[PDB]
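One file, query.tsv, is given below (TSV, C-alpha atoms and all ligand atoms).
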chain	number	residue	atom	x	y	z
A	112	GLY	CA	96.01	102.92	108.07
A	113	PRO	CA	98.07	101.19	105.37
A	114	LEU	CA	96.58	100.30	102.03
A	115	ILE	CA	96.54	96.63	101.07
A	116	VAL	CA	99.42	95.37	98.92
A	117	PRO	CA	99.33	94.37	96.11
A	118	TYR	CA	97.41	97.56	95.37
A	119	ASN	CA	95.75	98.58	92.11
A	120	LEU	CA	95.43	102.27	91.28
A	121	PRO	CA	93.23	102.94	88.22
A	122	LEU	CA	94.68	105.61	85.89
A	123	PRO	CA	91.51	106.84	84.16
A	124	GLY	CA	92.21	107.30	80.48
A	125	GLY	CA	95.84	106.25	80.93
A	126	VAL	CA	98.81	108.50	81.49
A	127	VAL	CA	99.77	111.73	79.74
A	128	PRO	CA	102.65	114.21	80.11
A	129	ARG	CA	102.36	116.42	83.23
A	130	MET	CA	100.69	113.59	85.15
A	131	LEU	CA	102.38	113.07	88.54
A	132	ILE	CA	101.92	109.83	90.49
A	133	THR	CA	102.98	109.85	94.15
A	134	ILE	CA	103.47	106.70	96.21
A	135	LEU	CA	104.08	107.02	99.96
A	136	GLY	CA	105.08	104.08	102.09
A	137	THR	CA	107.65	102.51	104.37
A	138	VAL	CA	110.00	99.70	103.42
A	139	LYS	CA	109.53	96.63	105.58
A	140	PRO	CA	112.56	95.41	107.55
A	141	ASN	CA	114.64	92.86	105.66
A	142	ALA	CA	112.78	93.78	102.48
A	143	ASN	CA	113.58	91.81	99.32
A	144	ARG	CA	111.72	93.71	96.57
A	145	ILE	CA	109.44	96.58	95.56
A	146	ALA	CA	107.56	96.77	92.26
A	147	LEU	CA	105.63	99.46	90.40
A	148	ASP	CA	103.86	98.13	87.30
A	149	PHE	CA	102.30	100.67	84.93
A	150	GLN	CA	100.07	98.32	82.91
A	151	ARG	CA	98.45	98.54	79.48
A	152	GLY	CA	96.08	95.59	79.79
A	153	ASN	CA	98.31	92.54	80.24
A	154	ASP	CA	101.35	94.47	79.04
A	155	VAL	CA	103.59	96.27	81.54
A	156	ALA	CA	104.58	99.56	79.97
A	157	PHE	CA	106.92	100.55	82.81
A	158	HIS	CA	108.15	98.07	85.42
A	159	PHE	CA	110.11	99.71	88.29
A	160	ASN	CA	111.65	96.98	90.46
A	161	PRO	CA	114.01	97.78	93.36
A	162	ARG	CA	115.83	94.59	94.34
A	163	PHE	CA	117.40	94.67	97.81
A	164	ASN	CA	119.51	91.51	97.52
A	165	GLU	CA	120.49	90.41	94.01
A	166	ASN	CA	123.78	88.58	94.54
A	167	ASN	CA	124.19	90.73	97.68
A	168	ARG	CA	123.79	93.94	95.69
A	169	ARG	CA	120.99	96.50	95.65
A	170	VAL	CA	119.76	97.41	92.17
A	171	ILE	CA	116.69	98.92	90.53
A	172	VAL	CA	115.60	96.94	87.47
A	173	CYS	CA	113.32	98.65	84.94
A	174	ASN	CA	111.74	96.92	81.97
A	175	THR	CA	108.67	96.49	79.76
A	176	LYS	CA	106.56	93.37	79.20
A	177	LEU	CA	104.88	92.88	75.81
A	178	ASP	CA	102.75	89.84	74.98
A	179	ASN	CA	104.11	88.21	78.18
A	180	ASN	CA	107.79	88.69	77.21
A	181	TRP	CA	110.14	90.90	79.22
A	182	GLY	CA	112.37	93.18	77.16
A	183	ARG	CA	115.91	94.40	77.66
A	184	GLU	CA	116.42	95.60	81.22
A	185	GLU	CA	117.58	99.06	82.22
A	186	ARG	CA	119.57	99.01	85.44
A	187	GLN	CA	120.45	101.84	87.83
A	188	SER	CA	122.87	101.28	90.73
A	189	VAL	CA	121.83	104.38	92.68
A	190	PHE	CA	119.51	102.84	95.28
A	191	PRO	CA	117.86	105.34	97.66
A	192	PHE	CA	115.57	102.88	99.48
A	193	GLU	CA	116.51	101.49	102.88
A	194	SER	CA	114.80	98.69	104.79
A	195	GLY	CA	112.64	100.04	107.60
A	196	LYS	CA	112.53	103.60	106.26
A	197	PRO	CA	109.68	105.72	104.82
A	198	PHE	CA	109.98	106.73	101.17
A	199	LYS	CA	108.24	108.88	98.60
A	200	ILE	CA	108.30	107.81	94.95
A	201	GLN	CA	107.26	110.42	92.40
A	202	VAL	CA	106.69	109.31	88.80
A	203	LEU	CA	106.24	112.30	86.51
A	204	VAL	CA	105.14	111.44	82.99
A	205	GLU	CA	107.02	113.55	80.42
A	206	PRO	CA	106.68	113.50	76.59
A	207	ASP	CA	109.54	111.04	76.00
A	208	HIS	CA	109.99	109.22	79.34
A	209	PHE	CA	108.83	108.46	82.83
A	210	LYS	CA	110.88	110.58	85.26
A	211	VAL	CA	111.30	109.05	88.73
A	212	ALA	CA	112.40	110.88	91.88
A	213	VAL	CA	112.66	109.23	95.31
A	214	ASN	CA	112.56	111.36	98.47
A	215	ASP	CA	112.67	114.52	96.29
A	216	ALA	CA	115.91	113.49	94.53
A	217	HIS	CA	115.95	112.64	90.82
A	218	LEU	CA	116.64	108.92	90.39
A	219	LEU	CA	116.17	107.79	86.79
A	220	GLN	CA	114.19	108.21	83.60
A	221	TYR	CA	112.67	105.48	81.43
A	222	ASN	CA	111.95	106.19	77.77
A	223	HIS	CA	108.50	105.27	76.48
A	224	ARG	CA	108.50	101.90	74.72
A	225	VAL	CA	104.71	101.57	74.86
A	226	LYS	CA	103.45	104.44	72.72
A	227	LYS	CA	99.72	104.40	73.59
A	228	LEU	CA	100.11	106.34	76.81
A	229	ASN	CA	96.35	106.85	77.17
A	230	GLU	CA	95.94	103.04	77.41
A	231	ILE	CA	98.35	102.61	80.36
A	232	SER	CA	95.33	102.69	82.65
A	233	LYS	CA	96.41	100.93	85.82
A	234	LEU	CA	99.30	101.07	88.30
A	235	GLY	CA	100.03	97.98	90.40
A	236	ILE	CA	102.06	98.48	93.58
A	237	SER	CA	103.54	95.42	95.25
A	238	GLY	CA	106.46	94.17	97.33
A	239	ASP	CA	107.78	94.44	100.86
A	240	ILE	CA	106.29	97.80	101.86
A	241	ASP	CA	103.68	99.24	104.14
A	242	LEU	CA	101.80	101.35	101.59
A	243	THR	CA	100.49	104.62	103.03
A	244	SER	CA	99.23	106.56	99.99
A	245	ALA	CA	99.02	106.24	96.22
A	246	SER	CA	97.60	109.04	94.11
A	247	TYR	CA	98.05	111.19	91.04
A	248	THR	CA	97.57	114.81	90.07
A	249	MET	CA	98.01	116.96	86.97
A	250	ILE	CA	100.77	119.54	87.35
B	1	LIG	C1	121.63	89.56	87.56
B	1	LIG	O1	120.97	88.56	86.78
B	1	LIG	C2	119.62	88.27	87.21
B	1	LIG	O2	119.54	87.82	88.61
B	1	LIG	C3	118.16	87.53	89.02
B	1	LIG	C4	117.90	87.19	90.50
B	1	LIG	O3	118.26	88.30	91.33
B	1	LIG	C5	117.58	86.43	88.14
B	1	LIG	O4	118.37	85.24	88.26
B	1	LIG	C6	117.59	86.92	86.71
B	1	LIG	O5	117.06	85.95	85.80
B	1	LIG	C7	115.77	85.47	86.19
B	1	LIG	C8	114.70	86.55	86.47
B	1	LIG	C9	113.98	87.21	85.59
B	1	LIG	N1	113.18	87.96	86.34
B	1	LIG	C10	112.16	88.92	85.91
B	1	LIG	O6	112.74	90.19	85.51
B	1	LIG	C11	111.68	91.09	85.10
B	1	LIG	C12	112.30	92.40	84.63
B	1	LIG	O7	113.16	92.12	83.52
B	1	LIG	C13	110.71	91.34	86.26
B	1	LIG	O8	111.39	91.89	87.37
B	1	LIG	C14	110.12	90.03	86.66
B	1	LIG	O9	109.23	90.18	87.78
B	1	LIG	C15	111.25	89.15	87.09
B	1	LIG	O10	110.66	87.90	87.46
B	1	LIG	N2	113.46	87.79	87.54
B	1	LIG	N3	114.34	86.96	87.68
B	1	LIG	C16	119.00	87.24	86.27
B	1	LIG	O11	118.95	87.78	84.96
B	2	CL	CL	118.28	97.86	102.88
B	3	CL	CL	101.86	100.95	71.94

Would you encode the structure as structure tokens?
Amino acid sequence: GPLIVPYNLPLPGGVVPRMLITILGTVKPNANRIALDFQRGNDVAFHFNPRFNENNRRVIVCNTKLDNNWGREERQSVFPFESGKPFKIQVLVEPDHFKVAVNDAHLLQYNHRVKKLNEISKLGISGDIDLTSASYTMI
């Protein structure tokens, strides 16, 4: 049975290198967006935002939100998600960046702008997905 979206996954004591977060789900048909939000309190340390129809293009927007202001976006035109299809997102925390693979293929990395990794204590998962699983493990 699917989890309820938007879904909140506590990250006890924040994130740390060698921490692997795995999100399993299926994209809804005619999906418009997906969002992962690694949060430090109200701040979003790492925002991972696949957009299925931005001016008829598919793009993943990544960014950080500090004191309610979004920063400079990082955009990646490789777009492995497809409406209707099951996906696996793996977010591996490394010393200098978040490393994201989708369906076992490296997708992008996002350098740490928020430095207090052990305060990034919650992951919000939202958008047009049926969420199957969300978990973490130390590798
Ligand atoms: C290609 O240009 C863009 O096209 C967009 C529509 O597809 C919008 O018009 C953008 O400007 C408005 C905007 C800003 N944002 C926020 O960006 C955050 C990450 O930086 C987060 O994703 C945040 O949720 C989200 O609302 N969303 N829309 C515009 O810059
Ligand atoms: Cl699609
Ligand atoms: Cl910080």

- Note on the structure: Taken to one decimal, the CA of residue 234 (chain A)-CA of residue 168 (chain A) distance is 26.6 Å

How would you write, as a PDB file with C-alpha atoms, in the frame of the given file, the set of residues no farther than 8 Å from ligand CL 2 (chain B) when counting only C-alpha atoms and all ligand atoms?
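Saved the output as pocket39.pdb:
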ATOM      1  CA  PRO A 140     112.560  95.410 107.550  1.00  0.00           C
ATOM      2  CA  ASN A 141     114.640  92.860 105.660  1.00  0.00           C
ATOM      3  CA  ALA A 142     112.780  93.780 102.480  1.00  0.00           C
ATOM      4  CA  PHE A 163     117.400  94.670  97.810  1.00  0.00           C
ATOM      5  CA  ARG A 169     120.990  96.500  95.650  1.00  0.00           C
ATOM      6  CA  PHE A 192     115.570 102.880  99.480  1.00  0.00           C
ATOM      7  CA  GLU A 193     116.510 101.490 102.880  1.00  0.00           C
ATOM      8  CA  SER A 194     114.800  98.690 104.790  1.00  0.00           C
ATOM      9  CA  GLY A 195     112.640 100.040 107.600  1.00  0.00           C
TER      10      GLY A 195
END

- Note on the structure: Students should find that CA of residue 174 (chain A) and CA of residue 138 (chain A) are spaced 21.7 Å

- Item | Point-to-point distance in Å for CA of residue 150 (chain A) and CA of residue 190 (chain A) |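 It comes out at 23.5 Å.
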
Taking all atoms of ligand LIG 1 (chain B) that the file lists, what box with edges along x, y and z, padded by 6 Å per side, do you get, with centre and edge lengths in Å to one decimal, as AutoDock Vina command-line options?
--center_x 115.4 --center_y 88.8 --center_z 87.4 --size_x 24.4 --size_y 19.2 --size_z 19.8

- Item | Polymer residues at most 9 Å from residue 202 (chain A), all atoms listed in the file, same-chain spacing of 6 or more positions, as a VMD selection string | chain A and resid 130 to 134 209 to 213

- Message: Using only C-alpha atoms and all ligand atoms, which residues have at least one atom no more than 8 Å from ligand LIG 1 (chain B)? Output them as a list in words.
- Response: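 Written in the requested form, the residues are residues 146, 158, 159, 160, 162, 164, 165, 166, 172, 173, 174, 175, 176, 181, 182, 183 and 184 of chain A.
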
Show me which residues are within 10 Å of ligand CL 3 (chain B) counting only C-alpha atoms and all ligand atoms, and format the list as a short mmCIF file (atom, residue, chain, number, x, y, z; two decimals) with C-alpha atoms, keeping the file's coordinate frame.
data_model
loop_
_atom_site.label_atom_id
_atom_site.label_comp_id
_atom_site.auth_asym_id
_atom_site.auth_seq_id
_atom_site.Cartn_x
_atom_site.Cartn_y
_atom_site.Cartn_z
CA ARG A 151 98.45 98.54 79.48
CA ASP A 154 101.35 94.47 79.04
CA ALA A 156 104.58 99.56 79.97
CA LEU A 177 104.88 92.88 75.81
CA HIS A 223 108.50 105.27 76.48
CA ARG A 224 108.50 101.90 74.72
CA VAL A 225 104.71 101.57 74.86
CA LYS A 226 103.45 104.44 72.72
CA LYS A 227 99.72 104.40 73.59
CA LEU A 228 100.11 106.34 76.81
CA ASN A 229 96.35 106.85 77.17
CA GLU A 230 95.94 103.04 77.41
CA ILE A 231 98.35 102.61 80.36
#

- Message: Set the distance at 12 Å and use all atoms listed in the file: which residues neighbour residue 244 (chain A) once local chain neighbours fewer than 5 positions away are removed? I'd like the list as number ranges by chain.
- Response: A: 112-116, 118-120, 132-137, 197-201, 236

Would you export the selected residues with C-alpha atoms as a PDB file, in the frame of the given file, please?
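File produced: out.pdb:
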ATOM      1  CA  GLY A 112      96.010 102.920 108.070  1.00  0.00           C
ATOM      2  CA  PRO A 113      98.070 101.190 105.370  1.00  0.00           C
ATOM      3  CA  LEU A 114      96.580 100.300 102.030  1.00  0.00           C
ATOM      4  CA  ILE A 115      96.540  96.630 101.070  1.00  0.00           C
ATOM      5  CA  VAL A 116      99.420  95.370  98.920  1.00  0.00           C
ATOM      6  CA  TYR A 118      97.410  97.560  95.370  1.00  0.00           C
ATOM      7  CA  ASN A 119      95.750  98.580  92.110  1.00  0.00           C
ATOM      8  CA  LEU A 120      95.430 102.270  91.280  1.00  0.00           C
ATOM      9  CA  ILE A 132     101.920 109.830  90.490  1.00  0.00           C
ATOM     10  CA  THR A 133     102.980 109.850  94.150  1.00  0.00           C
ATOM     11  CA  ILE A 134     103.470 106.700  96.210  1.00  0.00           C
ATOM     12  CA  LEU A 135     104.080 107.020  99.960  1.00  0.00           C
ATOM     13  CA  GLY A 136     105.080 104.080 102.090  1.00  0.00           C
ATOM     14  CA  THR A 137     107.650 102.510 104.370  1.00  0.00           C
ATOM     15  CA  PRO A 197     109.680 105.720 104.820  1.00  0.00           C
ATOM     16  CA  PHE A 198     109.980 106.730 101.170  1.00  0.00           C
ATOM     17  CA  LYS A 199     108.240 108.880  98.600  1.00  0.00           C
ATOM     18  CA  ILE A 200     108.300 107.810  94.950  1.00  0.00           C
ATOM     19  CA  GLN A 201     107.260 110.420  92.400  1.00  0.00           C
ATOM     20  CA  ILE A 236     102.060  98.480  93.580  1.00  0.00           C
TER      21      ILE A 236
END

Quick one: region 129-151 of chain A from the block, N, CA and C atoms, as a PDB file, in the first residue's frame.
ATOM      1  N   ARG A 129      28.043   8.958   3.684  1.00  0.00           N
ATOM      2  CA  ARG A 129      27.751   7.519   3.638  1.00  0.00           C
ATOM      3  C   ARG A 129      26.311   7.214   4.031  1.00  0.00           C
ATOM      4  N   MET A 130      25.456   8.224   4.140  1.00  0.00           N
ATOM      5  CA  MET A 130      24.042   7.989   4.386  1.00  0.00           C
ATOM      6  C   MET A 130      23.330   7.921   3.045  1.00  0.00           C
ATOM      7  N   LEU A 131      22.579   6.840   2.829  1.00  0.00           N
ATOM      8  CA  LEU A 131      21.901   6.561   1.561  1.00  0.00           C
ATOM      9  C   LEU A 131      20.393   6.567   1.767  1.00  0.00           C
ATOM     10  N   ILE A 132      19.697   7.449   1.057  1.00  0.00           N
ATOM     11  CA  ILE A 132      18.252   7.573   1.156  1.00  0.00           C
ATOM     12  C   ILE A 132      17.665   7.026  -0.134  1.00  0.00           C
ATOM     13  N   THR A 133      16.674   6.149  -0.005  1.00  0.00           N
ATOM     14  CA  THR A 133      16.112   5.436  -1.153  1.00  0.00           C
ATOM     15  C   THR A 133      14.615   5.670  -1.174  1.00  0.00           C
ATOM     16  N   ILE A 134      14.124   6.190  -2.293  1.00  0.00           N
ATOM     17  CA  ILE A 134      12.723   6.524  -2.481  1.00  0.00           C
ATOM     18  C   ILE A 134      12.237   5.670  -3.637  1.00  0.00           C
ATOM     19  N   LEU A 135      11.220   4.855  -3.385  1.00  0.00           N
ATOM     20  CA  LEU A 135      10.597   4.016  -4.403  1.00  0.00           C
ATOM     21  C   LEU A 135       9.174   4.497  -4.632  1.00  0.00           C
ATOM     22  N   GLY A 136       8.801   4.626  -5.897  1.00  0.00           N
ATOM     23  CA  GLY A 136       7.450   5.020  -6.218  1.00  0.00           C
ATOM     24  C   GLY A 136       7.171   4.812  -7.687  1.00  0.00           C
ATOM     25  N   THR A 137       6.004   5.295  -8.103  1.00  0.00           N
ATOM     26  CA  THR A 137       5.592   5.267  -9.498  1.00  0.00           C
ATOM     27  C   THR A 137       5.060   6.643  -9.859  1.00  0.00           C
ATOM     28  N   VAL A 138       5.491   7.164 -11.007  1.00  0.00           N
ATOM     29  CA  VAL A 138       5.006   8.465 -11.443  1.00  0.00           C
ATOM     30  C   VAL A 138       3.563   8.314 -11.894  1.00  0.00           C
ATOM     31  N   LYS A 139       2.709   9.230 -11.464  1.00  0.00           N
ATOM     32  CA  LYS A 139       1.330   9.218 -11.905  1.00  0.00           C
ATOM     33  C   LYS A 139       1.277   9.499 -13.409  1.00  0.00           C
ATOM     34  N   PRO A 140       0.197   9.111 -14.084  1.00  0.00           N
ATOM     35  CA  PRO A 140       0.049   9.512 -15.489  1.00  0.00           C
ATOM     36  C   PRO A 140      -0.209  11.008 -15.579  1.00  0.00           C
ATOM     37  N   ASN A 141       0.311  11.619 -16.643  1.00  0.00           N
ATOM     38  CA  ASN A 141       0.193  13.066 -16.833  1.00  0.00           C
ATOM     39  C   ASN A 141       0.759  13.837 -15.644  1.00  0.00           C
ATOM     40  N   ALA A 142       1.834  13.330 -15.044  1.00  0.00           N
ATOM     41  CA  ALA A 142       2.419  14.026 -13.909  1.00  0.00           C
ATOM     42  C   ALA A 142       2.947  15.398 -14.313  1.00  0.00           C
ATOM     43  N   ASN A 143       2.891  16.338 -13.370  1.00  0.00           N
ATOM     44  CA  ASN A 143       3.439  17.673 -13.574  1.00  0.00           C
ATOM     45  C   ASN A 143       4.714  17.943 -12.786  1.00  0.00           C
ATOM     46  N   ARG A 144       4.860  17.379 -11.584  1.00  0.00           N
ATOM     47  CA  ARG A 144       6.041  17.643 -10.769  1.00  0.00           C
ATOM     48  C   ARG A 144       6.297  16.518  -9.771  1.00  0.00           C
ATOM     49  N   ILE A 145       7.554  16.458  -9.321  1.00  0.00           N
ATOM     50  CA  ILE A 145       8.008  15.680  -8.175  1.00  0.00           C
ATOM     51  C   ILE A 145       8.904  16.609  -7.362  1.00  0.00           C
ATOM     52  N   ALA A 146       8.899  16.457  -6.036  1.00  0.00           N
ATOM     53  CA  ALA A 146       9.817  17.250  -5.223  1.00  0.00           C
ATOM     54  C   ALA A 146      10.357  16.439  -4.052  1.00  0.00           C
ATOM     55  N   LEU A 147      11.682  16.449  -3.888  1.00  0.00           N
ATOM     56  CA  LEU A 147      12.335  16.050  -2.646  1.00  0.00           C
ATOM     57  C   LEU A 147      12.870  17.301  -1.968  1.00  0.00           C
ATOM     58  N   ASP A 148      12.589  17.443  -0.677  1.00  0.00           N
ATOM     59  CA  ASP A 148      13.001  18.622   0.083  1.00  0.00           C
ATOM     60  C   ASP A 148      13.731  18.169   1.345  1.00  0.00           C
ATOM     61  N   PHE A 149      15.061  18.182   1.296  1.00  0.00           N
ATOM     62  CA  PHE A 149      15.873  17.947   2.494  1.00  0.00           C
ATOM     63  C   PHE A 149      15.900  19.249   3.292  1.00  0.00           C
ATOM     64  N   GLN A 150      15.265  19.247   4.463  1.00  0.00           N
ATOM     65  CA  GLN A 150      14.990  20.466   5.211  1.00  0.00           C
ATOM     66  C   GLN A 150      15.876  20.568   6.443  1.00  0.00           C
ATOM     67  N   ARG A 151      16.357  21.779   6.706  1.00  0.00           N
ATOM     68  CA  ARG A 151      16.967  22.153   7.981  1.00  0.00           C
ATOM     69  C   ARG A 151      15.998  23.159   8.599  1.00  0.00           C
TER      70      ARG A 151
END
